[PDB]
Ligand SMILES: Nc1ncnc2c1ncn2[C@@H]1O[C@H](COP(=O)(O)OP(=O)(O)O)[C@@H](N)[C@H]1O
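Here's a solo chain for you in structure tokens, the form deposited without the named molecule.
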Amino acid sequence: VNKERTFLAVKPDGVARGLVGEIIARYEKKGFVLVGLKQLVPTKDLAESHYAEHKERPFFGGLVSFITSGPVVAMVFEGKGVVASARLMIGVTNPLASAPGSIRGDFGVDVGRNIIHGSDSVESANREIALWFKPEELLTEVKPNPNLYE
């Protein structure tokens, strides 16, 4: 189904490095539809909720701290297979190991400064979308380019 959504957040390092438009352009080119978009400085509450899966790990504190250290551009993209496809376009956790062509492969060097977050599953996408966005902030009717889908 073509109404799958994923959550992506350009983290404060990616925003600070002027990569917001380069990243959005990659997903627009791919044919995914921008369905929500805003810049914000995450609060502590949202951050801990965002990273709640790690909350028993020692590196949780660092994650929460970093993501609330500056502006973040949160976005929701819609399309077929968007959750896995967007991960593939991101690269792997370690930017040094991410293939050239991928966002982290092209732009990143350090795990802790790896530019962008993308949901790792449809279920984490749905939780993250409902976390970061109000329903009113999301397009209800989406029309993609007619040349994208059969």
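The first residue of the sequence shown is number 1, and the count goes up from there. C-alpha atoms forming the largest set that superposes within 1.5 Å between two forms make up the rigid core.
Engineer: Once the rigid core is lined up, would you tell me whether 79-87 or 50-58 has the higher RMS CA deviation in 4 other deposited structures of this protein?
Structural biologist: Looking at 79-87 versus 50-58 in 4 other deposited structures of this protein, the farther one turns out to be 50-58.
Engineer: Rigid core superposed, root mean square over structures and residues, which stretch has C-alphas farther from this form in 4 other deposited structures of this protein, 124-132 or 137-145?
Structural biologist: The stretch that sits farther from the shown form in 4 other deposited structures of this protein is 137-145.
Engineer: Return whichever of 108-116 and 57-65 has the greater mean Cα B factor according to the PDB record.
Structural biologist: So the stretch with the higher mean C-alpha B-factor is 57-65.
Engineer: Report the stretch with the higher mean CA temperature factor, choosing between 6-14 and 125-133 on the basis of the entry.
Structural biologist: According to the entry, 125-133 carries the higher average C-alpha B-factor.
Engineer: If you check the C-alpha B-factor for each of 103, 92, 52, 83 in the entry, which is highest?
Structural biologist: Among 103, 92, 52, 83, the highest C-alpha B-factor in the entry belongs to 52.
Engineer: Can you pull the Cα B-factors for 26, 44, 38, 87 from the entry and say which is highest?
Structural biologist: That would be 44, according to the entry.
Separately, the form solved in complex with the named molecule exists; it is not shown, and the next lines address it.
Engineer: Can you tell me if residue 101 lies within 4.5 angstroms of the named molecule in the bound PDB entry, counting non-hydrogen atoms only?
Structural biologist: Contact with the named molecule, no.
Engineer: Is residue 30 close enough to the named molecule in the bound PDB entry to count, meaning some heavy atom within 4.5 Å?
Structural biologist: Result no; residue 30 lies far from the named molecule in the bound PDB entry.
Engineer: Is residue 70 part of the interface with the named molecule in the bound PDB entry - any heavy atom within 4.5 Å?
Structural biologist: Contact check for residue 70: no, nothing within 4.5 Å of the named molecule in the bound PDB entry.
Engineer: Can you work out whether residue 26 and the named molecule are in contact in the bound PDB entry, taking contact to mean some heavy atom pair no more than 4.5 Å apart?
Structural biologist: Judged by the heavy-atom cut-off of 4.5 Å, residue 26 is well away from the named molecule in the bound PDB entry.
Engineer: Is the named molecule in the bound PDB entry near all of 63, 93 and 111, within 4.5 Å of a heavy atom of each?
Structural biologist: Every listed residue reaches the named molecule in the bound PDB entry, so yes.
Engineer: Scan 1-40 and write down, in order along the chain, each residue with a heavy atom lying within 4.5 Å of the named molecule in the bound PDB entry.
Structural biologist: The stretch 1-40, when checked against the named molecule in the bound PDB entry, contributes only 11 at the 4.5 Å heavy-atom cut-off.
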